[PDB]
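Presented below is the structure to which this report refers.
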Amino acid sequence: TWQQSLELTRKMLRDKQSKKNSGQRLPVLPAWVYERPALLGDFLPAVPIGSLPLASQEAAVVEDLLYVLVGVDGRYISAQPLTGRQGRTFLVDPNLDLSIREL
Amino acid sequence: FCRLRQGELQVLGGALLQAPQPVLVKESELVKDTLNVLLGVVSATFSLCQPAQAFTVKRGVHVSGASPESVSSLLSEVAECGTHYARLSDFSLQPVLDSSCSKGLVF
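Going down the list, the sequences are from chains A and B. The working numbering numbers the first residue of the first sequence as 1 and each following residue consecutively. The working numbering numbers the first residue of the second sequence as 1 and each following residue consecutively.
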């Protein structure tokens, strides 16, 4: 996973720094920062769109996208975890208006 | 009256409208579809159909007190405009779209 790859990269960097530092100590960050997915800053990685009004559904999706772009999976469109080095994959509700969901 | 005239023409020609049979379009609905294509988008009567790439008409929208022939004809002129808008917006994305462009800073 992306977390596993990041941990492996940090460990490899630490290993290289130890092999090259001749015992030179380096800062060790609290692992809780890298081990707290709720502490990750990416996008977090809805009313029935056929039932809610197109404007009301659009407003709910607008709040959802403000959350997702601010790192919190939205109601209709939510950007989900990335497998390794990737972006958060956005999955949108399929019952929304065509042009509204497209935009 | 106009729907009756269109129906008489259709009865003379064998009901050869199918889609051109009035797509009952509220002037509000037509304005909404116009606002859709206002973004250069593919509305219902401006859908970017397979053999359209751009505005493709709905089932013959009639007018306020008319049949679909002239109504959807003016709608088709506006649909040519909105189809050009959809395609033109895609062409306007040519610099960004052609990120791996072997044409230099021209495109």
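We put the beta carbon where it would ideally sit given N, CA and C, even for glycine.
{"Check": "Range covered by the alpha helix (DSSP H) that runs through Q94 (chain B)", "Outcome": "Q94 to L97"}
{"Check": "Closer than 8 Å at the beta carbon, the chain B residues around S51 (chain A)", "Outcome": "In chain order: nothing, as chain B lies at least about 19 Å away."}
{"Check": "Start and end residues, beta strand (DSSP E) containing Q80 (chain A)", "Outcome": "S78 to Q80"}
{"Check": "Selection from B:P68, B:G60 and B:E80 that minimises the alpha carbon distance to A54 (chain B)", "Outcome": "B:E80"}
{"Check": "Alpha carbon of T89 (chain A) to alpha carbon of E77 (chain B), nearest angstrom", "Outcome": "40 Å"}
{"Check": "Buried or exposed by the 16-neighbour rule on C-beta atoms within 10 Å, applied to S64 (chain B)", "Outcome": "exposed"}
{"Check": "Proximal residues of chain B, C-beta to C-beta of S99 (chain A) below 7 Å", "Outcome": "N36 and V41"}
{"Check": "Close beta carbons around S99 (chain A), own chain, < 6 Å, minus the five adjacent residues each side", "Outcome": "none"}
{"Check": "Limits of the unbroken beta strand (DSSP E) element including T45 (chain B)", "Outcome": "Premise fails: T45 (chain B) is in no beta strand (DSSP E) and is neither H nor E."}
{"Check": "DSSP bridge partner residues for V68 (chain A) (one or two, in chain order)", "Outcome": "According to DSSP, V68 (chain A) bridges with nothing at all."}
{"Check": "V68 (chain A) beta carbon less than 7 Å from that of residue 110 (chain A)", "Outcome": "Nothing about residue 110 (chain A) can be read from this structure; chain A reaches only from 1 to 103."}
{"Check": "With 16 other Cβ atoms within 10 Å as the buried cut-off, status of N36 (chain B)", "Outcome": "buried"}
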